[PDB]
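Next up, structure tokens for two forms of one chain, structure 1 and then structure 2.
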Structure 1
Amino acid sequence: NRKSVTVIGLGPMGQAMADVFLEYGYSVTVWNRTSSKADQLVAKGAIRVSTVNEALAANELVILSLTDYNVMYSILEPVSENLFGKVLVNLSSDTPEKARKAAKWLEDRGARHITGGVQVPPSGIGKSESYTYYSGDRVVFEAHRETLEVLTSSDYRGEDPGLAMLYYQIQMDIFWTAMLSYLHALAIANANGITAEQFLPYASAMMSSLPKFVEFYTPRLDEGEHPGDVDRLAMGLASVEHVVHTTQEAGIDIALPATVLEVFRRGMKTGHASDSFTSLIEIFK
């Protein structure tokens, strides 16, 4: 542990990471594209450099917190000859394939790449209850783990550099879709004269019940089996239709439940009326 690191990206996330590194006695060199002054970090000892060239020269270990992978290419391609021997830990959220391609591009330039998917907002940096998904070369990960674990606990998922972004993105698919379904349901409730406070225990109970369904179906899904022994797709379809009609009667936007309804209807069209609604995964595949 050299206790020396560069942080490229000084939005809220990058700043919280630099702050914790300073607290633990690291030398911290910082840079970003808009030349933020970072006055509070500097007063705590951060070294603000002018260019990305200087930022990369400062340290072997470079933590990136950027908008996405395209930014990484923009800023690094012009300094591609300066990457030899560097370890880049990219904490930027993007796709699994972007992470894989970046890892190879860096390796071709003599650098090593670790992918991280931070699961917490900036306020969770420095807390051991916080987790980040990691993936990439295991020897490179173990060499820098101690530093990474000053920021959060680690969940190392495997050697494939895309895996940390895979686990991150599939959880966000659930997050955003389920939360928008709550807001849609709430809009219906509000049109009918009930408040969010009134809905709260029922929205919460339904959400908290979902893992039991996931636990039930998991082993069936892994066998590719959709028998209609506890539920049938045709009955599910009828249930969805009532949600759609309830939506329309309330004057609420139909797009979200109508998309749910179209998925069900495609499963019916391809012969699954008597199978479990889990058969709809075949539509998604």
Structure 2
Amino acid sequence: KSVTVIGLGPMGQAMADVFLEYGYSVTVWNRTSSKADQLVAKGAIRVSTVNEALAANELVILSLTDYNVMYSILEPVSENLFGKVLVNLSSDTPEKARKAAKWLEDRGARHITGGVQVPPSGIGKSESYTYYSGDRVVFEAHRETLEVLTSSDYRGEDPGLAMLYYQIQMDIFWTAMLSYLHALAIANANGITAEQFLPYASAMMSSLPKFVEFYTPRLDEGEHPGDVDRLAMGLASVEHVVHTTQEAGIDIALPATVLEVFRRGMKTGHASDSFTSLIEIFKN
């Protein structure tokens, strides 16, 4: 039970704490060496250099701000990476994580990508989940240590996948939550409160998985028949939303973008297809 943590922001601090709680020997490094004071008081071993941190252990957790920090601190010590397993937790794009894995492999190290789904306070709780991706044999070799921090959800071999599943979920979260705020602004303009809207907003959100379930097999076939819905009629529905927004004096940017997507789909010949055919507009 021995692990190195490089990067002592809030996440790194939480992780290092939980490891110390469960009896691990924890070696730490940070560019600003004072950030480790509280951990050192709890038994963490602070080392002066990146070299010493890498030497201490096979498993190295990288809780850095972004992937550029990784290159900055490891590139000058590229000769010292053989046999190390670097678990990268920065939030970034799939391609960033892929480029990092390849760079590390070229220097004899192995990479596990992690997409942590909770804030620092979730660390050490089994109801918390982290996406992991990368070589399955490397991941299985360190799974026990990683699961001291959270439950795991291994997504596959591609180092980019842990970040893929994280970012596409955030695409839905932010866009759908903004739609909720937008809808509430219209509601407020017409005299209705968030308390009054609550059960209706909630019921709509909860209904969406049933649509996703319905359309999933069709989307996987590349099929957009107009048997239960037509794009033309979706467009007309969006248009009512845009006019409602305008009448209420609410900012039109968000529904106007939705309307523009529908129009582009109509303008490429999809009037009679399902609205799912708009995936072709996004695909590019």
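For the two forms, the rigid core is made up of the largest set of C-alpha atoms that agree within 1.5 Å on superposition. By convention here, residues take numbers in order along the sequence of structure 1, the first being 1.
Once the two forms are fitted on their rigid core, between the two structures the CA displacement reaches 2 Å or more only for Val52 among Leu256, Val240, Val52, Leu233. In a rigid-core overlay of the protein, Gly85 has its C-alpha displaced by at least 2 Å between the two structures. The Cα position of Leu148 differs by less than 2 Å between the two structures after fitting on the rigid core. Core-superposed comparison between the two structures: the C-alpha position of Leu221 differs by less than 2 Å. Here the rigid core is superposed, and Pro121 then shows its C-alpha moved by 2.1 angstrom between the two structures. When the core is overlaid, the C-alpha of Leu106 ends up 1.3 Å from its other position between the two structures.
In the core-superposed comparison between the two structures, the CA atom of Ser209 travels 0.1 Å.
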